[PDB]
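So the structure is just underneath, and the comments pick up after that.
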Amino acid sequence: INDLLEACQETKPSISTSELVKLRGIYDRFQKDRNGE
Amino acid sequence: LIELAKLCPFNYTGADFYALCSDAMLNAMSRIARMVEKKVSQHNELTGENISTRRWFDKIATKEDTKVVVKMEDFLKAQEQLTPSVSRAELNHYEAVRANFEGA
């Protein structure tokens with residue numbers, strides 16, 4: 001468990017929040033566009 | 001069919017209607033496939049004969065089971081799941097094209 005916690009602390013998101021929110025917005029707009037509303 | 005015509009907005013295209021009908025048929029087929037699966041599973045116990053769905057498809061999948069029957073709810077549910085394949089912005093762009101190519 002401790003080694004797992006060390007790995008968790010070391011790990012950082014492969015996606016920076018900027019790209020996360022950008023892609024979320026793009027994908028939501030595409031889903032809505034497909035929904036045609 | 002008139003109800004479906006009522007529900008559909010004016011952005012649908014022949015591709016959209018084909019996709020909708022395909023999804024409805026797929027839902028009916030999911031119903032049929034599940035019912036055949038229950039047939040096979042239950043018969044595996046009642047007769048104790050674990051006759052895989054293959055043997056049913058070759059010998060016990062009668063014409064009626066092969067027969068495809070669809071219900072309004074299938075098309076309606078697909079319609080709720082349905083999503084047009086073009087943006088109203090693109091429709092307006094093509095309308096702009098039409099305006100110059102049809103009004104003169």
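How things are named: the first chain in the structure tokens is A, the next is B, and so on; residues count from 1 in each chain; ligands count from 1 in the order shown.
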Considering only C-alpha atoms, return as a PDB file with N, CA, C and O atoms, in the first residue's frame whatever protein or nucleic-acid residues lie within 12 Å of residue B:56, sequence-local ones (same chain, fewer than 2 positions apart) excluded.
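Listing of selection-v6.pdb after writing:
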ATOM      1  N   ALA B  33     -32.906 -11.817 -30.375  1.00  0.00           N
ATOM      2  CA  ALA B  33     -31.709 -12.551 -29.988  1.00  0.00           C
ATOM      3  C   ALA B  33     -31.729 -12.889 -28.507  1.00  0.00           C
ATOM      4  O   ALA B  33     -31.363 -14.001 -28.113  1.00  0.00           O
ATOM      5  N   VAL B  36     -34.167 -15.771 -28.039  1.00  0.00           N
ATOM      6  CA  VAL B  36     -33.550 -17.040 -28.423  1.00  0.00           C
ATOM      7  C   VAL B  36     -32.525 -17.475 -27.382  1.00  0.00           C
ATOM      8  O   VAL B  36     -32.390 -18.672 -27.096  1.00  0.00           O
ATOM      9  N   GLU B  37     -31.771 -16.529 -26.821  1.00  0.00           N
ATOM     10  CA  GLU B  37     -30.804 -16.878 -25.787  1.00  0.00           C
ATOM     11  C   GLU B  37     -31.503 -17.473 -24.573  1.00  0.00           C
ATOM     12  O   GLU B  37     -31.028 -18.455 -23.993  1.00  0.00           O
ATOM     13  N   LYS B  38     -32.630 -16.884 -24.169  1.00  0.00           N
ATOM     14  CA  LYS B  38     -33.410 -17.462 -23.079  1.00  0.00           C
ATOM     15  C   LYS B  38     -33.937 -18.841 -23.455  1.00  0.00           C
ATOM     16  O   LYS B  38     -33.922 -19.759 -22.629  1.00  0.00           O
ATOM     17  N   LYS B  39     -34.408 -19.007 -24.693  1.00  0.00           N
ATOM     18  CA  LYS B  39     -34.830 -20.328 -25.145  1.00  0.00           C
ATOM     19  C   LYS B  39     -33.726 -21.350 -24.922  1.00  0.00           C
ATOM     20  O   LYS B  39     -33.939 -22.383 -24.274  1.00  0.00           O
ATOM     21  N   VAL B  40     -32.530 -21.056 -25.425  1.00  0.00           N
ATOM     22  CA  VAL B  40     -31.421 -22.001 -25.336  1.00  0.00           C
ATOM     23  C   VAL B  40     -31.043 -22.255 -23.883  1.00  0.00           C
ATOM     24  O   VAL B  40     -30.869 -23.404 -23.463  1.00  0.00           O
ATOM     25  N   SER B  41     -30.917 -21.189 -23.093  1.00  0.00           N
ATOM     26  CA  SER B  41     -30.501 -21.345 -21.705  1.00  0.00           C
ATOM     27  C   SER B  41     -31.498 -22.191 -20.925  1.00  0.00           C
ATOM     28  O   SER B  41     -31.123 -23.162 -20.261  1.00  0.00           O
ATOM     29  N   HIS B  43     -33.788 -24.266 -22.022  1.00  0.00           N
ATOM     30  CA  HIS B  43     -33.817 -25.635 -22.515  1.00  0.00           C
ATOM     31  C   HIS B  43     -32.576 -26.416 -22.101  1.00  0.00           C
ATOM     32  O   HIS B  43     -32.636 -27.647 -22.009  1.00  0.00           O
ATOM     33  N   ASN B  44     -31.457 -25.733 -21.849  1.00  0.00           N
ATOM     34  CA  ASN B  44     -30.280 -26.416 -21.327  1.00  0.00           C
ATOM     35  C   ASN B  44     -30.559 -27.091 -19.994  1.00  0.00           C
ATOM     36  O   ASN B  44     -29.917 -28.097 -19.676  1.00  0.00           O
ATOM     37  N   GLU B  49     -30.052 -30.591 -21.983  1.00  0.00           N
ATOM     38  CA  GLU B  49     -29.274 -30.637 -23.215  1.00  0.00           C
ATOM     39  C   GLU B  49     -28.710 -29.246 -23.482  1.00  0.00           C
ATOM     40  O   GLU B  49     -29.430 -28.355 -23.945  1.00  0.00           O
ATOM     41  N   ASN B  50     -27.420 -29.064 -23.197  1.00  0.00           N
ATOM     42  CA  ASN B  50     -26.745 -27.788 -23.433  1.00  0.00           C
ATOM     43  C   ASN B  50     -26.474 -27.641 -24.931  1.00  0.00           C
ATOM     44  O   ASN B  50     -25.339 -27.681 -25.411  1.00  0.00           O
ATOM     45  N   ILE B  51     -27.561 -27.469 -25.675  1.00  0.00           N
ATOM     46  CA  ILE B  51     -27.501 -27.308 -27.122  1.00  0.00           C
ATOM     47  C   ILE B  51     -27.182 -25.845 -27.408  1.00  0.00           C
ATOM     48  O   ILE B  51     -28.058 -24.981 -27.326  1.00  0.00           O
ATOM     49  N   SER B  52     -25.924 -25.569 -27.747  1.00  0.00           N
ATOM     50  CA  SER B  52     -25.495 -24.200 -27.988  1.00  0.00           C
ATOM     51  C   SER B  52     -26.380 -23.537 -29.036  1.00  0.00           C
ATOM     52  O   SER B  52     -27.012 -24.201 -29.861  1.00  0.00           O
ATOM     53  N   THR B  53     -26.402 -22.205 -29.009  1.00  0.00           N
ATOM     54  CA  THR B  53     -27.249 -21.434 -29.911  1.00  0.00           C
ATOM     55  C   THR B  53     -26.980 -21.804 -31.363  1.00  0.00           C
ATOM     56  O   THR B  53     -27.827 -21.576 -32.231  1.00  0.00           O
ATOM     57  N   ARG B  54     -25.803 -22.365 -31.642  1.00  0.00           N
ATOM     58  CA  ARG B  54     -25.482 -22.762 -33.008  1.00  0.00           C
ATOM     59  C   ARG B  54     -26.474 -23.795 -33.528  1.00  0.00           C
ATOM     60  O   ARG B  54     -27.054 -23.636 -34.611  1.00  0.00           O
ATOM     61  N   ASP B  58     -29.193 -23.651 -36.657  1.00  0.00           N
ATOM     62  CA  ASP B  58     -29.257 -24.605 -37.761  1.00  0.00           C
ATOM     63  C   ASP B  58     -30.568 -25.378 -37.830  1.00  0.00           C
ATOM     64  O   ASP B  58     -31.054 -25.640 -38.935  1.00  0.00           O
ATOM     65  N   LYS B  59     -31.156 -25.752 -36.693  1.00  0.00           N
ATOM     66  CA  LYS B  59     -32.291 -26.670 -36.671  1.00  0.00           C
ATOM     67  C   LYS B  59     -33.500 -26.150 -35.909  1.00  0.00           C
ATOM     68  O   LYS B  59     -34.632 -26.366 -36.348  1.00  0.00           O
ATOM     69  N   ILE B  60     -33.301 -25.466 -34.778  1.00  0.00           N
ATOM     70  CA  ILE B  60     -34.417 -25.077 -33.917  1.00  0.00           C
ATOM     71  C   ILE B  60     -34.799 -23.610 -34.064  1.00  0.00           C
ATOM     72  O   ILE B  60     -35.829 -23.193 -33.510  1.00  0.00           O
ATOM     73  N   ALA B  61     -34.024 -22.817 -34.804  1.00  0.00           N
ATOM     74  CA  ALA B  61     -34.374 -21.421 -35.059  1.00  0.00           C
ATOM     75  C   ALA B  61     -35.385 -21.394 -36.201  1.00  0.00           C
ATOM     76  O   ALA B  61     -35.056 -21.192 -37.372  1.00  0.00           O
ATOM     77  N   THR B  62     -36.650 -21.605 -35.841  1.00  0.00           N
ATOM     78  CA  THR B  62     -37.713 -21.707 -36.833  1.00  0.00           C
ATOM     79  C   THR B  62     -37.878 -20.395 -37.586  1.00  0.00           C
ATOM     80  O   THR B  62     -37.215 -19.400 -37.273  1.00  0.00           O
ATOM     81  N   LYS B  63     -38.767 -20.385 -38.579  1.00  0.00           N
ATOM     82  CA  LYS B  63     -38.922 -19.200 -39.416  1.00  0.00           C
ATOM     83  C   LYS B  63     -39.418 -18.014 -38.599  1.00  0.00           C
ATOM     84  O   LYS B  63     -38.958 -16.882 -38.791  1.00  0.00           O
ATOM     85  N   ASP B  65     -38.931 -17.341 -35.410  1.00  0.00           N
ATOM     86  CA  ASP B  65     -37.796 -16.789 -34.678  1.00  0.00           C
ATOM     87  C   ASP B  65     -36.895 -15.988 -35.608  1.00  0.00           C
ATOM     88  O   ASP B  65     -36.428 -14.900 -35.251  1.00  0.00           O
ATOM     89  N   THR B  66     -36.640 -16.512 -36.809  1.00  0.00           N
ATOM     90  CA  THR B  66     -35.901 -15.750 -37.808  1.00  0.00           C
ATOM     91  C   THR B  66     -36.693 -14.537 -38.276  1.00  0.00           C
ATOM     92  O   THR B  66     -36.102 -13.512 -38.634  1.00  0.00           O
TER      93      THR B  66
END
Taking only C-alpha atoms into account, what are the residues of chain A at most 7 Å from chain B, put as a list in words?
-> residues 33, 34, 35 and 36 of chain A
Quick one, how far is atom CA of residue A:8 from atom CA of residue A:20?
-> 19.6 Å
Using only C-alpha atoms, which residues sit within 12 Å of residue B:1 once same-chain residues fewer than 4 positions away are excluded, as JSON, numbers by chain?
-> {"B": [5, 6, 7, 8, 17, 21, 71, 72, 73, 75, 76]}
Alpha helix (DSSP H) call set, DSSP backbone run, stretch 15-103 of chain B, as a VMD selection string | chain B and resid 15 to 46 53 to 55 63 to 66 72 to 81 88 to 102
